[PDB]
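Q: Residue numbers (the UniProt record's numbering): 116 to 212.
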Amino acid sequence: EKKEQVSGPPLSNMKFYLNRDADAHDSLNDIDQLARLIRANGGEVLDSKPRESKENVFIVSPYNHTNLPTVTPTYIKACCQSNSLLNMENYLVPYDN
Numbered sequence: 116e117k118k119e120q121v122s123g124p125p126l127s128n129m130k131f132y133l134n135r136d137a138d139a140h141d142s143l144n145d146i147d148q149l150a151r152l153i154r155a156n157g158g159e160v161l162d163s164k165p166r167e168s169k170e171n172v173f174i175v176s177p178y179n180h181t182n183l184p185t186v187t188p189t190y191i192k193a194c195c196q197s198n199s200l201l202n203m204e205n206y207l208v209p210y211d212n
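1. Among residues of its own chain, excluding the 5 on either side of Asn179, which ones have a beta-carbon nearer than 7 Å to its beta-carbon?
2. Near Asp147, which residues of its chain fall below 7 Å by C-beta distance, leaving aside the five closest residues on each side in sequence?
3. The ligand FAD heavy atoms versus the CB of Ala139: any closer than 7 Å?
4. Check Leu149 in the structure and name its three-state DSSP category.
5. Who are the near neighbours of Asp136 in its chain, counting only those whose CB is closer than 8 Å to its CB and skipping five residues on each side?
6. Between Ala193, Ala150, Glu159, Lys130, which has its C-alpha nearest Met203's C-alpha?
7. Relative to the C-alpha of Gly157, which candidate in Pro125, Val121, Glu116 has its C-alpha closest?
8. If you compare alpha carbons, which of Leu201, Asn182, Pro184, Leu183 is closest to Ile191?
9. Of the residues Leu133, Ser199, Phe131, which one's Cα is nearest the Cα of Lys117?
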């Protein structure tokens, strides 16, 4: 692995930031800064930290299909620094629950 990002467009894909409502997790307003980098790449990310339980609050990662599950916000630090050589770190919420 020498070439940095080759398969598919390196920028502009799909992102979504919507915290559930646990009153805490990792980041809320700070992610707006770490995501500002990937937000200006060409994709789309809405840094919003709500607190309403309507099964409609989740955070989707770049190139991540199915908006049903959820991933960690720190994913950016691993997606921007590691590119995509650490999928095990998706630390996404299972499909069952």
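Just so you know, even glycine gets a beta-carbon here, dropped at the ideal spot from N, CA and C.
A: On the basis of the data shown:
1. These residues qualify, in order along the chain: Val186.
2. These residues qualify, in order along the chain: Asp162.
3. Only the bare structure without any ligand can be found here, which leaves the ligand FAD out of the picture.
4. Of the three classes helix, strand and coil, the one that applies to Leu149 here is helix, per DSSP.
5. Excluding residues within five positions, the ones whose Cβ falls inside 8 Å are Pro165, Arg166, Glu167, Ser168, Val172.
6. With distances taken between Cα atoms, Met203 lies closest to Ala193.
7. Considering only alpha carbons, the answer is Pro125.
8. It is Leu201.
9. Residue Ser199 is the option with its Cα nearest to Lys117.
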